[PDB]
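One structure is given below, encoded as structure tokens.
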């Protein structure tokens, strides 16, 4: 007779990884590529040459 | 629980001189937390007026 690992299973320590496994993150390609303006009004009016 | 046996010290080769072997074992159970809750409504005036 001896203490098997099954007999001592309730005594065994646990460890948990300190950090989450996740993919890398990235921002919009649009805000990276294009010029942007601060809008103060909820609409900006833009004049375009037509003819 | 373990089990011990009496042992002699007279001469080797006697079976009574050999120390026995035994095991201890354990099991696991769980304490699981559960929630008791209650909400008590009252009028603001009620709190304000009560001494």
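Cβ placement follows ideal geometry from the backbone for every residue including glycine, while neighbour counts extend to all protein chains displayed. Here, each number is a calculation from the coordinates, and none is a lab measurement.
Observations
- Test: residue in the range B:26-47 that is within 12 Å of another protein chain (Cβ to nearest Cβ) and either outside any loop (DSSP other than H, G, I, E, B) or surrounded by 10 or more Cβ atoms within 10 Å (Cβ to Cβ) (or both): yes
- One residue stands out among those in the range B:1-25 that are within 22 Å of residue A:10 (Cβ to Cβ) and in contact (Cβ under 8 Å) with a residue 12 or more places away in the chain: the one that is surrounded by the fewest Cβ atoms within 10 Å (Cβ to Cβ), which is B:1.
- Taking the criterion of being over 42 Å from the mean Cα position of the chain (by Cα) and within 14 Å of chain A (Cβ to nearest Cβ), no residue of the range B:1-25 qualifies.
- Residue match in the range A:18-26 (condition: assigned to a loop (DSSP other than H, G, I, E, B), within 14 Å of chain B (Cβ to nearest Cβ) and either in contact with a helix residue (DSSP H, G or I) (Cβ under 9 Å, 6 or more places away or on another chain) or exposed (fewer than 10 other Cβ atoms within 10 Å of the Cβ) (or both)): no
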